[PDB]
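Novice: Structure in structure tokens, see below.
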Amino acid sequence: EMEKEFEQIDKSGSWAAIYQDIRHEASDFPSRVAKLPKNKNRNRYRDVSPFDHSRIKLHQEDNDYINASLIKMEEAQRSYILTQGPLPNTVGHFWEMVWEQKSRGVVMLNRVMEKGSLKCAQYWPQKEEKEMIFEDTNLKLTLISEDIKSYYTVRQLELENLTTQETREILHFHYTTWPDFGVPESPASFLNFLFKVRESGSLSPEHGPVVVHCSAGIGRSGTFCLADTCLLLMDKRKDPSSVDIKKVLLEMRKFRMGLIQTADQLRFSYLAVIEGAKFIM
Ligand SMILES: O[C@H]1CN[C@H]2Cc3c([nH]c4ccccc34)[C@@H]1C2
């Protein structure tokens, strides 16, 4: 049982050691498309690339490239698109991907500014009456409503395909209180946030995969998917204690490199799953 293994690693202070075994064991696949010179300005970070096999392709004939991976968890029957925070020049591509993949939710785990630097372009409208047009991808985005709570904001957006005049409702779930350094002390508000995404229907098989991002799409984004998948497998399995978080992480790392960036994020993920287990009751 992971709780016992938790106190073992804790009492022994072996978190950096576990974290390094995971690093060593992690899959390494080609990322040739990401490294083409023409894609240099489509990438926020030069050492964070989608693998070619799991990369999301835009349906534009010119350049199909976005820094985004499909994570397919076969046993849990859950898919996720993990992406970087859009750049000023990729906001149109981002919304084109949401459109093309039939996503219902966008989960954002960062602030636009952290540590005095921009982690993400402002890619959604701040007011009802000032909608955004992405001329490169022929999309219009309107803020319909905004519900600001202490730890997160939920926004209803209308995305319109200007070419076909179809419209869809997108839910923007914005976790606003992740600290600039380290991880939250308690996972209570992160679990509340995750249960809210679940309740919305955004993670359901009726819809395209949820789009999850932070700044690189690997650290906080990693923690989100790892916790969701581990909890769902504990519901599905005859023996809930057969769920090994280290195995689930390594399976997810076949689809996108670097998921979970620090031993602190690993620690926090264990804590989120341990506490989420004792919610279901
Ligand atoms: O104190 C231990 C008891 N069992 C688990 C729950 C838990 C711990 N530490 C935490 C900090 C914040 C929130 C919950 C926890 C340890 C692991």
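Simple scheme: letters A, B, ... for chains in structure tokens order, numbers from 1 for residues in each chain, numbers from 1 for ligands in the order shown.
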Which residues, written as a PDB file with N, CA, C and O atoms, in the first residue's frame, have at least one atom at most 9 Å from range 260-262 of chain A, with only C-alpha atoms counted and residues fewer than 5 positions away on the same chain left out?

Specialist:
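What landed in part-v4.pdb:
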```
ATOM      1  N   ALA A  16      14.333  12.065  -3.621  1.00  0.00           N
ATOM      2  CA  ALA A  16      15.243  12.397  -4.745  1.00  0.00           C
ATOM      3  C   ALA A  16      15.720  11.108  -5.410  1.00  0.00           C
ATOM      4  O   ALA A  16      15.892  11.106  -6.649  1.00  0.00           O
ATOM      5  N   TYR A  19      12.887   9.525  -7.400  1.00  0.00           N
ATOM      6  CA  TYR A  19      12.668  10.448  -8.536  1.00  0.00           C
ATOM      7  C   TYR A  19      13.697  10.150  -9.639  1.00  0.00           C
ATOM      8  O   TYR A  19      13.309  10.101 -10.839  1.00  0.00           O
ATOM      9  N   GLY A 182       7.797  25.553  -5.199  1.00  0.00           N
ATOM     10  CA  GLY A 182       7.365  24.339  -4.494  1.00  0.00           C
ATOM     11  C   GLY A 182       5.968  23.916  -4.908  1.00  0.00           C
ATOM     12  O   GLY A 182       5.588  24.163  -6.065  1.00  0.00           O
ATOM     13  N   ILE A 218       4.396  19.769 -18.469  1.00  0.00           N
ATOM     14  CA  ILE A 218       5.040  18.506 -17.981  1.00  0.00           C
ATOM     15  C   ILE A 218       4.987  18.407 -16.454  1.00  0.00           C
ATOM     16  O   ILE A 218       4.794  17.296 -15.973  1.00  0.00           O
ATOM     17  N   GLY A 219       5.129  19.516 -15.723  1.00  0.00           N
ATOM     18  CA  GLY A 219       5.269  19.538 -14.254  1.00  0.00           C
ATOM     19  C   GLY A 219       3.922  19.450 -13.575  1.00  0.00           C
ATOM     20  O   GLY A 219       3.443  18.303 -13.298  1.00  0.00           O
ATOM     21  N   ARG A 220       3.265  20.595 -13.414  1.00  0.00           N
ATOM     22  CA  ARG A 220       1.938  20.648 -12.779  1.00  0.00           C
ATOM     23  C   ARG A 220       0.937  19.833 -13.616  1.00  0.00           C
ATOM     24  O   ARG A 220       0.044  19.212 -13.007  1.00  0.00           O
ATOM     25  N   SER A 221       1.048  19.900 -14.943  1.00  0.00           N
ATOM     26  CA  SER A 221       0.159  19.200 -15.899  1.00  0.00           C
ATOM     27  C   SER A 221       0.260  17.692 -15.642  1.00  0.00           C
ATOM     28  O   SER A 221      -0.757  16.980 -15.667  1.00  0.00           O
ATOM     29  N   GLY A 222       1.481  17.226 -15.474  1.00  0.00           N
ATOM     30  CA  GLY A 222       1.816  15.849 -15.065  1.00  0.00           C
ATOM     31  C   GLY A 222       1.091  15.407 -13.821  1.00  0.00           C
ATOM     32  O   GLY A 222       0.471  14.306 -13.819  1.00  0.00           O
ATOM     33  N   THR A 223       1.138  16.231 -12.776  1.00  0.00           N
ATOM     34  CA  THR A 223       0.506  15.953 -11.462  1.00  0.00           C
ATOM     35  C   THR A 223      -1.009  15.792 -11.654  1.00  0.00           C
ATOM     36  O   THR A 223      -1.595  14.858 -11.055  1.00  0.00           O
ATOM     37  N   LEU A 226      -1.698  12.377 -13.582  1.00  0.00           N
ATOM     38  CA  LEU A 226      -1.256  11.253 -12.720  1.00  0.00           C
ATOM     39  C   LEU A 226      -2.300  11.011 -11.607  1.00  0.00           C
ATOM     40  O   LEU A 226      -2.699   9.831 -11.371  1.00  0.00           O
ATOM     41  N   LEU A 249       3.155   6.500 -13.743  1.00  0.00           N
ATOM     42  CA  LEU A 249       3.955   7.649 -14.222  1.00  0.00           C
ATOM     43  C   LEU A 249       4.790   7.213 -15.429  1.00  0.00           C
ATOM     44  O   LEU A 249       4.794   7.936 -16.463  1.00  0.00           O
ATOM     45  N   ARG A 267       6.234  13.684  -4.628  1.00  0.00           N
ATOM     46  CA  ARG A 267       5.709  13.654  -3.238  1.00  0.00           C
ATOM     47  C   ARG A 267       4.250  14.113  -3.231  1.00  0.00           C
ATOM     48  O   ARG A 267       3.381  13.369  -2.742  1.00  0.00           O
ATOM     49  N   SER A 269       2.087  14.304  -5.589  1.00  0.00           N
ATOM     50  CA  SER A 269       1.215  13.391  -6.371  1.00  0.00           C
ATOM     51  C   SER A 269       0.792  12.215  -5.492  1.00  0.00           C
ATOM     52  O   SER A 269      -0.425  11.867  -5.494  1.00  0.00           O
TER      53      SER A 269
END
```

Novice: Could you give me, as number ranges by chain, every polymer residue with an atom at most 12 Å away from an atom of ligand 1, counting only C-alpha atoms and all ligand atoms?

Specialist: A: 2-11, 183-191, 267-278

Novice: Write out, as a PDB file, in the first residue's frame, the residues just selected, with C-alpha atoms.

Specialist:
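Resulting contents of result33.pdb:
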```
ATOM      1  CA  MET A   2       1.274   3.439  -1.199  1.00  0.00           C
ATOM      2  CA  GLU A   3       0.563   5.156   2.208  1.00  0.00           C
ATOM      3  CA  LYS A   4       3.102   2.798   3.899  1.00  0.00           C
ATOM      4  CA  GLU A   5       5.575   3.244   0.982  1.00  0.00           C
ATOM      5  CA  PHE A   6       4.943   7.035   1.421  1.00  0.00           C
ATOM      6  CA  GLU A   7       6.012   7.081   5.131  1.00  0.00           C
ATOM      7  CA  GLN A   8       8.963   4.746   4.241  1.00  0.00           C
ATOM      8  CA  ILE A   9      10.291   7.187   1.540  1.00  0.00           C
ATOM      9  CA  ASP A  10       9.442  10.171   3.852  1.00  0.00           C
ATOM     10  CA  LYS A  11      11.020   8.800   7.105  1.00  0.00           C
ATOM     11  CA  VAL A 183       3.891  22.724  -4.249  1.00  0.00           C
ATOM     12  CA  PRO A 184       0.715  23.416  -2.215  1.00  0.00           C
ATOM     13  CA  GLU A 185       1.165  22.370   1.488  1.00  0.00           C
ATOM     14  CA  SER A 186      -2.214  20.475   1.401  1.00  0.00           C
ATOM     15  CA  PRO A 187      -3.742  18.780  -1.711  1.00  0.00           C
ATOM     16  CA  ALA A 188      -7.309  19.593  -0.551  1.00  0.00           C
ATOM     17  CA  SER A 189      -7.859  22.508  -2.984  1.00  0.00           C
ATOM     18  CA  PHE A 190      -6.187  20.644  -5.903  1.00  0.00           C
ATOM     19  CA  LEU A 191      -8.542  17.617  -5.270  1.00  0.00           C
ATOM     20  CA  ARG A 267       5.709  13.654  -3.238  1.00  0.00           C
ATOM     21  CA  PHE A 268       2.659  15.908  -3.805  1.00  0.00           C
ATOM     22  CA  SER A 269       1.215  13.391  -6.371  1.00  0.00           C
ATOM     23  CA  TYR A 270       1.444  10.535  -3.793  1.00  0.00           C
ATOM     24  CA  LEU A 271      -0.281  12.804  -1.183  1.00  0.00           C
ATOM     25  CA  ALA A 272      -3.042  13.833  -3.664  1.00  0.00           C
ATOM     26  CA  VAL A 273      -3.809  10.163  -4.555  1.00  0.00           C
ATOM     27  CA  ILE A 274      -3.578   8.988  -0.863  1.00  0.00           C
ATOM     28  CA  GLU A 275      -6.034  11.766   0.226  1.00  0.00           C
ATOM     29  CA  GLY A 276      -8.300  11.369  -2.842  1.00  0.00           C
ATOM     30  CA  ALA A 277      -8.653   7.599  -2.061  1.00  0.00           C
ATOM     31  CA  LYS A 278     -10.150   8.485   1.402  1.00  0.00           C
TER      32      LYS A 278
END
```

Novice: What's around range 104-110 of chain A at 9 Å? Count only C-alpha atoms, leave out sequence neighbours fewer than 6 positions away in its own chain, and write the answer as an mmCIF file with N, CA and C atoms, in the first residue's frame.

Specialist:
```cif
data_model
loop_
_atom_site.group_PDB
_atom_site.id
_atom_site.type_symbol
_atom_site.label_atom_id
_atom_site.label_comp_id
_atom_site.auth_asym_id
_atom_site.auth_seq_id
_atom_site.Cartn_x
_atom_site.Cartn_y
_atom_site.Cartn_z
ATOM 1 N N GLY A 85 2.010 26.236 -22.378
ATOM 2 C CA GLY A 85 1.278 27.503 -22.387
ATOM 3 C C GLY A 85 1.463 28.137 -23.758
ATOM 4 N N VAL A 98 -7.976 22.772 -30.050
ATOM 5 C CA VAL A 98 -9.198 22.540 -29.233
ATOM 6 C C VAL A 98 -10.376 22.201 -30.165
ATOM 7 N N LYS A 119 4.698 33.359 -18.327
ATOM 8 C CA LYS A 119 4.690 31.872 -18.453
ATOM 9 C C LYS A 119 3.763 31.412 -19.594
ATOM 10 N N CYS A 120 2.944 32.319 -20.090
ATOM 11 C CA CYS A 120 1.824 32.031 -21.001
ATOM 12 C C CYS A 120 1.295 33.331 -21.624
ATOM 13 N N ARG A 168 -19.248 26.076 -30.306
ATOM 14 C CA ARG A 168 -19.223 25.144 -29.169
ATOM 15 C C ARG A 168 -18.939 25.912 -27.894
ATOM 16 N N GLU A 169 -19.380 25.325 -26.807
ATOM 17 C CA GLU A 169 -19.113 25.850 -25.474
ATOM 18 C C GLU A 169 -17.857 25.137 -24.979
ATOM 19 N N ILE A 170 -16.858 25.895 -24.557
ATOM 20 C CA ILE A 170 -15.643 25.366 -23.907
ATOM 21 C C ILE A 170 -15.648 25.846 -22.455
ATOM 22 N N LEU A 171 -15.308 24.975 -21.523
ATOM 23 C CA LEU A 171 -15.081 25.281 -20.098
ATOM 24 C C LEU A 171 -13.579 25.471 -19.855
ATOM 25 N N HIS A 172 -13.210 26.609 -19.300
ATOM 26 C CA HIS A 172 -11.831 26.944 -18.889
ATOM 27 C C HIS A 172 -11.753 26.818 -17.378
ATOM 28 N N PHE A 173 -11.000 25.845 -16.900
ATOM 29 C CA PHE A 173 -10.735 25.622 -15.472
ATOM 30 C C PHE A 173 -9.338 26.131 -15.190
ATOM 31 N N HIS A 174 -9.229 27.172 -14.386
ATOM 32 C CA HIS A 174 -7.962 27.895 -14.132
ATOM 33 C C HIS A 174 -7.663 27.777 -12.658
ATOM 34 N N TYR A 175 -6.724 26.905 -12.285
ATOM 35 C CA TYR A 175 -6.206 26.799 -10.909
ATOM 36 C C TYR A 175 -5.243 27.967 -10.725
ATOM 37 N N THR A 176 -5.571 28.885 -9.831
ATOM 38 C CA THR A 176 -4.916 30.217 -9.753
ATOM 39 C C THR A 176 -3.968 30.301 -8.560
ATOM 40 N N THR A 177 -3.859 29.288 -7.709
ATOM 41 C CA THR A 177 -3.207 29.421 -6.373
ATOM 42 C C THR A 177 -2.056 28.443 -6.235
ATOM 43 N N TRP A 178 -1.590 27.839 -7.318
ATOM 44 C CA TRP A 178 -0.341 27.047 -7.201
ATOM 45 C C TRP A 178 0.781 28.032 -6.838
ATOM 46 N N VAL A 197 -13.506 19.556 -12.336
ATOM 47 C CA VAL A 197 -13.298 19.214 -13.776
ATOM 48 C C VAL A 197 -14.108 17.943 -14.102
ATOM 49 N N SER A 200 -17.875 18.392 -14.418
ATOM 50 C CA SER A 200 -18.259 19.168 -15.624
ATOM 51 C C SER A 200 -18.558 18.270 -16.824
ATOM 52 N N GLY A 201 -18.048 17.038 -16.835
ATOM 53 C CA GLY A 201 -18.148 16.177 -18.026
ATOM 54 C C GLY A 201 -16.979 16.294 -18.986
ATOM 55 N N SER A 202 -16.029 17.185 -18.722
ATOM 56 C CA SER A 202 -14.888 17.491 -19.613
ATOM 57 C C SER A 202 -13.945 16.287 -19.791
ATOM 58 N N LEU A 203 -13.891 15.374 -18.813
ATOM 59 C CA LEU A 203 -12.979 14.191 -18.854
ATOM 60 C C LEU A 203 -13.722 12.966 -19.356
ATOM 61 N N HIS A 207 -16.662 13.275 -25.136
ATOM 62 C CA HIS A 207 -15.942 14.459 -25.679
ATOM 63 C C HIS A 207 -14.544 14.057 -26.115
ATOM 64 N N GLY A 208 -13.913 14.871 -26.951
ATOM 65 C CA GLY A 208 -12.481 14.779 -27.240
ATOM 66 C C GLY A 208 -11.719 14.925 -25.937
ATOM 67 N N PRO A 209 -10.404 14.625 -25.951
ATOM 68 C CA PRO A 209 -9.607 14.727 -24.736
ATOM 69 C C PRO A 209 -9.566 16.178 -24.226
ATOM 70 N N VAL A 210 -9.516 16.265 -22.928
ATOM 71 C CA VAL A 210 -9.242 17.517 -22.188
ATOM 72 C C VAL A 210 -7.840 18.017 -22.568
ATOM 73 N N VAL A 211 -7.715 19.330 -22.729
ATOM 74 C CA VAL A 211 -6.420 20.013 -22.903
ATOM 75 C C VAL A 211 -5.934 20.518 -21.557
ATOM 76 N N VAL A 212 -4.768 20.044 -21.130
ATOM 77 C CA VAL A 212 -4.138 20.432 -19.844
ATOM 78 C C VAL A 212 -2.837 21.183 -20.165
ATOM 79 N N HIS A 213 -2.574 22.283 -19.480
ATOM 80 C CA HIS A 213 -1.283 22.979 -19.638
ATOM 81 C C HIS A 213 -0.885 23.693 -18.361
ATOM 82 N N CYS A 214 0.415 23.871 -18.249
ATOM 83 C CA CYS A 214 1.062 24.817 -17.312
ATOM 84 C C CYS A 214 1.982 25.639 -18.239
ATOM 85 N N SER A 215 3.236 25.902 -17.872
ATOM 86 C CA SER A 215 4.124 26.687 -18.775
ATOM 87 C C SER A 215 4.809 25.770 -19.809
ATOM 88 N N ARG A 220 3.265 20.595 -13.414
ATOM 89 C CA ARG A 220 1.938 20.648 -12.779
ATOM 90 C C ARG A 220 0.937 19.833 -13.616
ATOM 91 N N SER A 221 1.048 19.900 -14.943
ATOM 92 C CA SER A 221 0.159 19.200 -15.899
ATOM 93 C C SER A 221 0.260 17.692 -15.642
ATOM 94 N N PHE A 224 -1.622 16.647 -12.475
ATOM 95 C CA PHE A 224 -3.074 16.624 -12.724
ATOM 96 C C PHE A 224 -3.481 15.225 -13.253
#
```

Novice: If you run DSSP over the backbone, which residues in range 108-251 of chain A end up strand (DSSP E)? Put them as a VMD selection string.

Specialist: chain A and resid 108 113 to 114 117 to 118 132 to 134 139 to 148 152 to 161 166 to 175 210 to 213

Novice: My list of candidates is A:163, A:29, A:256, A:236. Which is closest to residue 217 in chain A when distances are computed with only C-alpha atoms?

Specialist: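 Comparing A:163, A:29, A:256, A:236 against residue 217 in chain A, the winner is A:256.
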
Novice: Could you give me, as number ranges by chain, each residue of range 6-87 of chain A that DSSP assigns to helix (DSSP H, G or I) when run on this structure's backbone?

Specialist: A: 6-12, 15-25, 32-35, 37-42, 52-54

Novice: Report the distance between CA of residue 84 in chain A and CA of residue 33 in chain A in Å, rounded to one decimal place.

Specialist: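 These atoms are spaced 15.9 Å apart.
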
Novice: Interatomic distance between CA of residue 194 in chain A and CA of residue 127 in chain A?

Specialist: 25.7 Å

Novice: With only C-alpha atoms as the counted atoms, please give the residues lying no more than 10 Å from residue 90 in chain A, apart from itself and same-chain residues fewer than 3 positions off, as an MDAnalysis selection string.

Specialist: chainID A and resid 41:43 66:67 85:87 93:96 121 123 134 136

Novice: What are the nearest atom pairs, with distances in Å to one decimal, for all residues of range 199-264 of chain A that come at most 8 Å from range 44-52 of chain A, using only C-alpha atoms, set out by chain and rising residue number as a tab-separated table?

Specialist:
```
residue	atom	partner	partner_atom	distance
A:216	CA	A:48	CA	6.9
A:255	CA	A:51	CA	7.0
A:256	CA	A:50	CA	6.0
A:257	CA	A:50	CA	7.3
A:258	CA	A:48	CA	7.9
```

Novice: Write out the residues from the selection above, keeping N, CA, C and O atoms, as a PDB file, in the first residue's frame.

Specialist:
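Output saved as out_0.pdb:
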```pdb
ATOM      1  N   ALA A 216       5.332  24.617 -19.345  1.00  0.00           N
ATOM      2  CA  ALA A 216       5.989  23.649 -20.260  1.00  0.00           C
ATOM      3  C   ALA A 216       5.026  22.496 -20.611  1.00  0.00           C
ATOM      4  O   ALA A 216       5.259  21.810 -21.601  1.00  0.00           O
ATOM      5  N   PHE A 255       4.407   8.763 -23.474  1.00  0.00           N
ATOM      6  CA  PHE A 255       3.643   9.665 -24.373  1.00  0.00           C
ATOM      7  C   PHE A 255       4.185  11.101 -24.395  1.00  0.00           C
ATOM      8  O   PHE A 255       4.011  11.784 -25.416  1.00  0.00           O
ATOM      9  N   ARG A 256       4.753  11.569 -23.300  1.00  0.00           N
ATOM     10  CA  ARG A 256       5.336  12.932 -23.205  1.00  0.00           C
ATOM     11  C   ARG A 256       6.469  12.872 -22.188  1.00  0.00           C
ATOM     12  O   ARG A 256       6.252  12.319 -21.119  1.00  0.00           O
ATOM     13  N   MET A 257       7.618  13.446 -22.531  1.00  0.00           N
ATOM     14  CA  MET A 257       8.825  13.437 -21.686  1.00  0.00           C
ATOM     15  C   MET A 257       8.589  14.296 -20.440  1.00  0.00           C
ATOM     16  O   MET A 257       7.780  15.241 -20.479  1.00  0.00           O
ATOM     17  N   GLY A 258       9.259  13.940 -19.352  1.00  0.00           N
ATOM     18  CA  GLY A 258       9.517  14.847 -18.229  1.00  0.00           C
ATOM     19  C   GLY A 258       8.322  15.038 -17.333  1.00  0.00           C
ATOM     20  O   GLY A 258       8.457  15.823 -16.377  1.00  0.00           O
TER      21      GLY A 258
END
```
